[PDB]
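A single chain comes next, written as structure tokens; it is the form deposited in one PDB entry.
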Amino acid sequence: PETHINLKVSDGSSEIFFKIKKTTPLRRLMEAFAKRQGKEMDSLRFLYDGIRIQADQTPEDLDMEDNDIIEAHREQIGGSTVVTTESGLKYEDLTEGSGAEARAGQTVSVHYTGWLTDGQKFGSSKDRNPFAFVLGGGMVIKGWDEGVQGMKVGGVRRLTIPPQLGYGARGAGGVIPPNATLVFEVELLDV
């Protein structure tokens, strides 16, 4: 308790915790986070109380206390924008794609992960090797048909789907509770 500190790291999708010694540089934490996510350190930016953290700073330096939150930002540099459409869907482009644009009628290929609003993962295509569907076909949940349109190949878009655009009061047997808001990260691979 005296020498070590537990810190919560949030990336807007899930939360995990890191216990390090108060005199250990935050580099150790940042690298553990990056590795766990399969991400390069150069593509991550970490903030605490709105101030940019540097890898050589320690929890002691920053007067951190147990359960304090560090924000991990993976999104493009420049400032994020969260869009709420006419339907109540929300989306956020974490990475802007450089390739072909996804349009209704195409059979598009994506990777995804889905979480509940508490950061519990409910599904993913990555956990073992890509998911293809007819975009705009009414075959997937409404949030997806609406949310994946306009993405570009290379893009990573975070969809926040209110339950009437998801599984509603029914939920999905075994997996999604009644009245659940769903968070997905979708990476567009082909169109």
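Between two forms, the rigid core is defined as the largest C-alpha subset superposing within 1.5 Å. For every residue, the number given is its place in the sequence shown, counted from 1. Shifts are known only where both forms have a C-alpha.
S.K.: Per the record, how many residues of the deposited chain fall between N129 and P130 without being modelled: none, 1 to 3, 4 to 9, or 10 or more?
M.R.: Gap between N129 and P130: 1 to 3 residues without coordinates.
S.K.: If you average the Cα B factors in the entry, which is higher, 116 to 124 or 97 to 105?
M.R.: So the stretch with the higher mean C-alpha B-factor is 97 to 105.
S.K.: Please compare 164 to 172 with 17 to 25 and say which has the higher mean C-alpha temperature factor in the record.
M.R.: The entry gives the higher C-alpha B-factor average to 17 to 25.
S.K.: For the listed residues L135, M41, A32, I141, which one has the largest C-alpha B-factor as given in the deposited model?
M.R.: Within the set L135, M41, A32, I141, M41 shows the top C-alpha B-factor.
S.K.: So where's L188 on the chain's Cα temperature factor ranking, which third?
M.R.: According to the entry, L188 has a C-alpha B-factor in the chain's middle third.
S.K.: Name the third of the chain's ranked CA B-factors that contains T58, choosing lowest, middle or highest.
M.R.: It belongs to the lowest third of the chain when residues are ordered by C-alpha B-factor.
S.K.: What third of the chain does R36 rank in for C-alpha temperature factor, lowest, middle or highest?
M.R.: Ranked within chain, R36 CA B lands in the highest tercile.
S.K.: Comparing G150 with the other modelled residues of its chain, is its CA B-factor in the lowest, middle or highest third?
M.R.: Middle third of the chain for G150's C-alpha B-factor.
S.K.: Is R52 in the lowest, middle or highest third of its chain when residues are ranked by C-alpha B-factor?
M.R.: For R52, whose C-alpha B-factor we compare with every modelled residue in the chain, the answer is the middle third.
One more form of this protein, deposited in another entry, exists but is not displayed; see below.
S.K.: What happens to the Cα distance from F33 to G119 in the other entry: does it get closer or farther than here, with a change of 3 angstroms or more?
M.R.: So the answer is closer.
S.K.: Any idea whether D11 and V110 get closer or farther by CA distance in the other entry, knowing it moves 3 angstroms or more?
M.R.: It is farther: the C-alpha separation of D11 and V110 rises by at least 3 Å in the other entry.
S.K.: Note down every stretch of 3+ consecutive residues with C-alpha shifts of 2 Å or more between this form and the one not shown, superposition done on the rigid core, in sequence order.
M.R.: The segment that shifts (3 or more residues, C-alpha shift of 2 Å or more) is 2 to 79 alone.
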